[PDB]
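Undergrad:
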Amino acid sequence: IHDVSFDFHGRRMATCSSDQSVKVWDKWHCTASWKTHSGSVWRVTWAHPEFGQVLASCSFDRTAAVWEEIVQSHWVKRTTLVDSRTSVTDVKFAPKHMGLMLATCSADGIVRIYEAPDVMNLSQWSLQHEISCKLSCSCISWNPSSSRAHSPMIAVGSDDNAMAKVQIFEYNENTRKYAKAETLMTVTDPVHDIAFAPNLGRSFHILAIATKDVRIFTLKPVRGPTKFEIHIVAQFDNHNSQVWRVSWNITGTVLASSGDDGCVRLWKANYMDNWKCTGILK
Amino acid sequence: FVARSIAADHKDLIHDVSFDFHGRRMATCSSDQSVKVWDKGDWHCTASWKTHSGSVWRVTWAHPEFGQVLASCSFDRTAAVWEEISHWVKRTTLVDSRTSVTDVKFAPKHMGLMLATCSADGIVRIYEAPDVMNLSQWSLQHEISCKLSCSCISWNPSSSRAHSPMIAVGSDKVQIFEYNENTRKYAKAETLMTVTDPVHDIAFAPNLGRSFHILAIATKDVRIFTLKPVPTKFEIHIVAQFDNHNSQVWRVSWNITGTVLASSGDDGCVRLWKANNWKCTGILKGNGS
Amino acid sequence: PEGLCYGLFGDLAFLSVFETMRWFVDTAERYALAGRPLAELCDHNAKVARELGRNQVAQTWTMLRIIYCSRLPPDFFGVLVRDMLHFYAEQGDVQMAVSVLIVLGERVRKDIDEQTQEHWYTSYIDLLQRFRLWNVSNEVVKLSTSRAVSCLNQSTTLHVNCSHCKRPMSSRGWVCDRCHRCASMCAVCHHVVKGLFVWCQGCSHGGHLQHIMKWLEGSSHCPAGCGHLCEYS
Ligand SMILES: [Zn+2]
Ligand SMILES: [Zn+2]
Ligand SMILES: [Zn+2]
Numbered sequence: 015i016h017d018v019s020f021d022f023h024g025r026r027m028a029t030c031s032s033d034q035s036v037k038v039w040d041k047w048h049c050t051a052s053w054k055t056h057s058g059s060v061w062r063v064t065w066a067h068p069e070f071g072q073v074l075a076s077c078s079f080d081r082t083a084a085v086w087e088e089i090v100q101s102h103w104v105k106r107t108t109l110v111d112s113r114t115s116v117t118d119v120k121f122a123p124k125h126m127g128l129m130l131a132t133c134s135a136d137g138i139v140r141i142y143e144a145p146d147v148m149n150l151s152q153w154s155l156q157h158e159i160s161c162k163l164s165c166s167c168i169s170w171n172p173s174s175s176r177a178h179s180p181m182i183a184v185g186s187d188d192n193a194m195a196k197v198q199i200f201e202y203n204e205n206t207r208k209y210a211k212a213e214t215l216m217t218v219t220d221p222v223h224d225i226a227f228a229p230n231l232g233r234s235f236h237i238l239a240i241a242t243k244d245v246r247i248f249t250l251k252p253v254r262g263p264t265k266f267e268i269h270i271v272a273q274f275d276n277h278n279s280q281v282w283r284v285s286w287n288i289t290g291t292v293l294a295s296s297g298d299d300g301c302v303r304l305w306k307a308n309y310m311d312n313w314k315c316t317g318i319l320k
Numbered sequence: 002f003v004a005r006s007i008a009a010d011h012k013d014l015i016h017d018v019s020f021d022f023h024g025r026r027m028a029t030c031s032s033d034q035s036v037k038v039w040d041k045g046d047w048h049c050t051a052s053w054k055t056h057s058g059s060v061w062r063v064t065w066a067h068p069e070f071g072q073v074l075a076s077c078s079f080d081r082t083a084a085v086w087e088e089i101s102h103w104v105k106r107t108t109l110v111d112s113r114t115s116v117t118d119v120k121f122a123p124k125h126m127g128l129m130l131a132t133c134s135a136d137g138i139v140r141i142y143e144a145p146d147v148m149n150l151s152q153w154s155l156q157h158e159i160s161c162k163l164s165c166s167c168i169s170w171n172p173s174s175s176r177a178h179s180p181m182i183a184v185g186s187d196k197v198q199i200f201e202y203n204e205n206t207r208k209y210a211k212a213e214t215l216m217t218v219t220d221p222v223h224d225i226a227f228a229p230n231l232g233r234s235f236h237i238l239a240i241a242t243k244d245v246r247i248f249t250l251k252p253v263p264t265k266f267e268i269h270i271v272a273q274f275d276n277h278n279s280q281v282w283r284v285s286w287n288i289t290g291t292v293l294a295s296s297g298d299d300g301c302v303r304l305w306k307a308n312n313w314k315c316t317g318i319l320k321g322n323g324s
Numbered sequence: 340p341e342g343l344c345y346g347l348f349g350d351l352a353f397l398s399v400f401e402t409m410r411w412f413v414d415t416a417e418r419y420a421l422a423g424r425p426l427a428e429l430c431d432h433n434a435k436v437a438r439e440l441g442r443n444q445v446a447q448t449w450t451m452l453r454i455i456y457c458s627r628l629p630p631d632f633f634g635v636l637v638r639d640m641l642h643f644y645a646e647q648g649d650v651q652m653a654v655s656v657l658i659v660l661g662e663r664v665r666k667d668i669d670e671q672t673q674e675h676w677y678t679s680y681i682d683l684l685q686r687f688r689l690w691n692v693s694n695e696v697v698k699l700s701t702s703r704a705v706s707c708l709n710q712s713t714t715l716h717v718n719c720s721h722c723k724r725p726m727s728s729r730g731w732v733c734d735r736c737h738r739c740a741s742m743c744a745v746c747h748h749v750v751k752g753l754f755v756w757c758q759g760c761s762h763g764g765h766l767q768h769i770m771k772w773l774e775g776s777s778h779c780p781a782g783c784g785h786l787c788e789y790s
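Protein chains in written order, with the entry's author numbering: chain G, 15 to 41, 47 to 90, 100 to 188, 192 to 254, 262 to 320; chain E, 2 to 41, 45 to 89, 101 to 187, 196 to 253, 263 to 308, 312 to 324; chain C, 340 to 353, 397 to 402, 409 to 458, 627 to 710, 712 to 790.
Structure below.
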C-alpha cells in the first residue's frame, strides 16, 4: 500500500499499492479491484462528488489516469495524461471552488495542471499551465481555501546542494498563470510530503511539511504574487527518523504525522499557538 | 338494512343532502340558507356559511378531480359555485336566470366541469368553464327552453363514446334533452307521455356499462323508465309503477352501481326498490324504523 | 512506502482503521436560525449548547441576547461581536460564527466584509454537505445574508412536458393547455398532484410522493400499470 485516500463523504477509501492494483473500499468490502497502470501506482486521490465518483491515480509509467465509477458498479478509465516524460510522483484535485482542476507533479521538475472544460465529459483535459520547479518533485498540495481573498495557490515539495526544497506558487489574475510566490530557504532537508491545512474560516494558510522532522508554517497573507510572513510554529522531532506522509484534520486543527518508525501521531495547538502532541498511535 | 342516526347537529331543517364521490365529504342546504359541510368513524362538521338571499333548494358536489367544488340553487335567481381553499370561497355567481333556480346538478366529469340550472320560468341554462384552473369564469352556452315550469334536472352518468351528453328535465311533463354534435347545440330528445302528474324529482341512473339508460320519476307514484337507444331515437318503456308512497314523492336517488333506487315521499318513508322486476327491499321512516 | 490519510468522521487510516465529531452534527441538527424573535433564538441555542456541554457557546448566545435584545452607545458592542465572530472562525469553529450571522441578521452583517463572510458561509456549507446534512445546509443557504450563497440554491428548475401532447406546460398551472386534460393525475389515489410529484425516468409515471412511498413499500411494480420494474424489488 503506497497511499490511502478517503472520499469526500468519508464513507469510501481508495488504496493503491505496488501490486498493480487500485482498490476501493466501501463501509469494508472491496467493491472493485482493477489493474490500472503499467507501473507502481504512488498516490490515488478522490474528487468532489458534484463531479461524480472520480479517482485520479499517478504512477511510475509517466502517466496520470482519471477513473470514474459507472453503473453492477464498475470503474472505467476516463482519460490518460501522457504529457509527463518521466514518472509522476503526486496528483491532487483542486478544491471544488475552482471547478474540476487536476495537478500532477513529475520527477523531472515539471508540474502539469489540467482542467476539463465540461464537468459532464471527463474524457477531455487541457494542460492549462506547466510549472518548472528546477528540482525533482515529490508531492504537492492544493490550498483548500474557498475565500475569494486568496488566489488559487499550489505548493510543490521537492526531494532533491543545500537549496530550498519547498516552492509555493500562486495564481496571478492579470497574467493568468501560476508563478513563484514563496520560497522556504529554511527548509533544506529533503521534502517527502506537504499538506495545507483546511482553511475553514482562518485568515492565514497553515502548511505542514514532511522532512527529517515535521515543520508547520503559517503563511500569513500580508497586505505580482502576494508576500507572506512565513514563520515556522511547530518543529516536531519526535519521529527520530524520516517523515513519509502528513494528513490534516477535517477541520484543519489536528495534524496526523507518520514517520519511518511506523508510528502515527497527532499534533494540535493550544490557545497560545504552542503545538503539542495529542496522541501516539501504532 | 339497519338505519342509525348520524351524530350530526343542525339548528335548521335540511332541504337537500349530497354525498361526495368517495362518500366522505357531504353537503346540506339547511332552512336558514346555510350550506354546511361534514367530514368523516363519525361526522365532523368542517364548514358552514350563508350563501344567498333566498332559500337554498338543492346543493350538490362536483367531481373531486376539479377540486372540492359545490353548487347551490337559490330563490334569488342565482346558482353560486363555491370552492375549497378550510376556508370555502365563492368562485362565481350565475345570475343570468330570471326566475327561481329550482335545482342545480353537476354534469358528469367525462366531458369536463359543466353546470346546468333549471329556472322556474321554464328555461334551463348550461354553464361550462373552459379553464379548469380558473373557476372564476363560466360562459353560458346552451339555453334549453322546456316550455313548462321546470322542477328538477339530472345528468346522464353515462361516459361511453356511443352515448351523447344527456340532461333530464321535469315539470310541476318529463322532457329529456340530448346533445347533438351535428348542430353543436342541445335539442329535444324524448318525452314521457306516460307522465302527466307533476314531477318533484327526476333522476337518471349510473349505467355502469349497460346498453340502455334508466330513468326514475318522482310523482304521485314512483315510475322507472328504461330508455333503450336504437336526436337518437329511444324505446321508452315503463318497468315499474309503485303506489306504496300513497303521496307525492319528493326525492329519488340511485346507488353507485345504479341498481337500488331510494324514494322519499310525503308519507315520511324512505323506500328502497331493487331489481329482482322491481320490488321494495326496505321501508324506513323518520326515526329509522 | 507509507501512506497516511485522515477521515471525515474522525477515522484515521495508514491498513489501520483507527477510529480515534458528533457535537458539530448535533448543533447543526437542533439550532434555530429563523422564524422566532432574537431572544427566543438565543435562548434555544444556549439551551442546546449547554445540554451538549459547550458552556462557552451557551454563554455566548445568552450574552448576545443581553447585548442586542435589551445607556451604552448603540455601536459600542459592534467591535466586540466582530472580534468574537473572528475568534470563532480563526479557531476552525465555523458553525457558531455562521449561526450568529444568521440569527443577528443585518445587525452584524455590515461589520464583516463580504469576502470573509462568504468564506465562512462556504466553509460551513462544505462541512455540512460532508456530513450528509442537506436540510441544515439548505437552511443556511436560504437564510444566508450574502447574496452569493443564497444564489447557490438556484439550475434547480425542472421543465415538464405533457405526454399526450408533447408540449410544454405553464410554470404555474397543473392543467394542460392543448390536451385540456390534467397531466398531473395521481397514479395511486387518482387525484390532482398540485404539489410534490415524484417521477420515474423509465416509465415516465408517478404521483403523490407519500402515496408512491407507501406503494413501493408493499410492491415493486409501477402503480400506473406499465410493468416497468421501478424499484427492481
Ligand atoms: Zn398535453
Ligand atoms: Zn394521491
Ligand atoms: Zn410506470
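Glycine included, C-beta positions come from ideal geometry on N, C-alpha and C.
Which bits of chain G does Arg442/C rub up against, with CB to CB less than 8 Å?
TA: Near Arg442/C there are no residues of chain G at all, since even the closest Cβ is about 15 Å away, more than 8 Å.
Undergrad: Just by C-beta distance, which residues in the segment 288-313 of chain G are closer than 7 Å to chain C?
TA: Legend: CB atoms of the segment 288-313 of chain G lying less than 7 Å from CB atoms of chain C belong to residues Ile288, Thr289, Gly290, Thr291, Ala294, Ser296 and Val302.
Undergrad: Which residues in the same chain have their Cβ closer than 7 Å to the Cβ of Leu708/C, if we skip the five residues on either side of it in sequence?
TA: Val697
Undergrad: Could you pull out every residue in the same chain whose Cβ sits closer than 7 Å to the Cβ of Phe235/G, ignoring the five residues on either side in sequence?
TA: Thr249, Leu250, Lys251 and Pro252
Undergrad: Give the single residue among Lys435/C, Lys666/C and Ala744/C whose Cα lies nearest to the Cα of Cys783/C.
TA: Nearest Cα to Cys783/C within the set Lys435/C, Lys666/C and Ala744/C: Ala744/C.
Undergrad: Using 6 Å as the cut-off, classify the Cβ of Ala781/C as near or not near the heavy atoms of ligand 3, replying yes or no.
TA: yes
Undergrad: Can you give me the C-alpha to C-alpha distance between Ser702/C and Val302/G, rounded to a whole angstrom?
TA: 41 Å
Undergrad: Check whether the Cβ atoms of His157/G and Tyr209/G lie closer than 7 Å to each other.
TA: yes
Undergrad: Let's see if you can read the secondary structure: which residues bound the alpha helix (DSSP H) around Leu641/C?
TA: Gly634 to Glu646
Undergrad: Under 8 Å: do the segment 127-140 of chain G and the segment 164-171 of chain G share three or more Cβ pairs, one atom per stretch?
TA: The segment 127-140 of chain G, when compared against the segment 164-171 of chain G, does touch it at the 8 Å Cβ threshold.
Undergrad: For the segment 69-81 of chain E, which residues have a beta carbon sitting closer than 9 Å to at least one beta carbon of chain C?
TA: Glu69, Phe70 and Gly71
Undergrad: So within the segment 104-173 of chain G, which uninterrupted beta strand (DSSP E) runs reach at least 3 residues, ignoring any that extend past its ends?
TA: 116-121, 129-134, 138-143, 154-160 and 165-170
Undergrad: Hey, is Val147/E's beta-carbon within less than 7 Å of any beta-carbon in chain C?
TA: Contacts with chain C at 7 Å (Cβ-Cβ) include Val147/E.
Undergrad: Should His67/E be listed as close to ligand 2, given that the test is whether its C-beta is under 6 Å from any heavy atom?
TA: Not so, every heavy atom of ligand 2 lies at least 6 Å from the Cβ.
Undergrad: Please state whether the Cβ-Cβ distance between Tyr680/C and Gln651/C is less than 7 Å.
TA: yes
Undergrad: Quick check: does the Cβ of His721/C come within less than 6 Å of any heavy atom belonging to ligand 1?
TA: With a cutoff of 6 Å, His721/C counts as near ligand 1, since its C-beta is closer than that to a heavy atom of the ligand.
Undergrad: Let me check you understand the geometry: is the CB of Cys457/C closer than 6 Å to at least one non-hydrogen atom of ligand 1?
TA: no
Undergrad: Does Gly730/C get closer than 7 Å to chain E when you measure Cβ to Cβ?
TA: yes
Undergrad: Using a beta-carbon distance cut-off of less than 7 Å, what residues from the segment 740-752 of chain C approach chain E?
TA: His748 and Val749
Undergrad: Does any heavy atom of ligand 2 sit closer than 6 Å to the C-beta of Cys315/E?
TA: Not so, every heavy atom of ligand 2 lies at least 6 Å from the Cβ.
Undergrad: Pick out whichever of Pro123/E, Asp244/E, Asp299/E and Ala212/E has its Cα sitting closest to the Cα of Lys265/E.
TA: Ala212/E
Undergrad: Anything in chain C within Cβ reach of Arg176/G, meaning under 8 Å, just list it in chain order.
TA: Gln671, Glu674 and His675
Undergrad: Starting from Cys49/G, trace the alpha helix (DSSP H) in both directions and tell me its first and last residue.
TA: The continuous stretches of alpha helix (DSSP H) do not include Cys49/G, which lies in the beta strand (DSSP E) extending over residues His48 to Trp53.
Undergrad: Suppose the cutoff is 8 Å on Cβ atoms and the five residues either side in sequence are ignored; what does the same chain contact list for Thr316/E look like?
TA: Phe2, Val292, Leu304, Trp305 and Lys306
Undergrad: From what residue to what residue does the beta strand (DSSP E) around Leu429/C run?
TA: Run containing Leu429/C: none in the beta strand (DSSP E); it sits in the alpha helix (DSSP H), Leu426 to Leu440.
Undergrad: Taking all protein chains shown into account, do 16 or more other C-beta atoms lie within 10 angstroms of the C-beta of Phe121/G, making it buried, or fewer, making it exposed?
TA: By the neighbour-count definition (other C-beta atoms within 10 Å, threshold 16), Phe121/G is a buried residue.
Undergrad: Is the distance from the Cβ of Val755/C to the Cβ of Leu766/C below 7 Å?
TA: yes
Undergrad: Got a list of residues with beta-carbon closer than 6 Å to any non-hydrogen atom of ligand 2, in chain order?
TA: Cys743/C, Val745/C, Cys746/C, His748/C, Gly764/C, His765/C and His768/C
Undergrad: Return the CA-CA distance between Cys430/C and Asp414/C, expressed in angstroms with no decimal places.
TA: 16 Å
Undergrad: Could you check if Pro425/C is buried or exposed, using at least 16 other CB atoms within 10 Å of its CB as the buried criterion?
TA: It is exposed - the Cβ of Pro425/C has fewer than 16 other Cβ atoms within 10 Å.
Undergrad: Run through DSSP, which three-state label would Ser693/C get?
TA: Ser693/C sits in a helix when the DSSP states are folded into three classes.
Undergrad: So is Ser655/C in contact with chain G if we call contact Cβ pairs under 7 Å?
TA: No, its Cβ sits nowhere closer than 7 Å to a Cβ of chain G.
Undergrad: Taking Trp282/E and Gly297/E to be in contact with their CB atoms under 8 Å, please state how far apart those CB atoms are, rounded to whole angstroms.
TA: 6 Å
Undergrad: Please work out which residues of its chain come closer than 6 Å, Cβ to Cβ, to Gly321/E, disregarding the five sequence neighbours upstream and downstream, and give them in chain order.
TA: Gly300
Undergrad: What is the rounded straight-line gap between the Cα of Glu87/E and the Cα of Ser186/E?
TA: 30 Å
Undergrad: Kindly indicate which three-state DSSP category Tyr309/G falls into: helix, strand or coil?
TA: Three-state result, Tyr309/G: coil.
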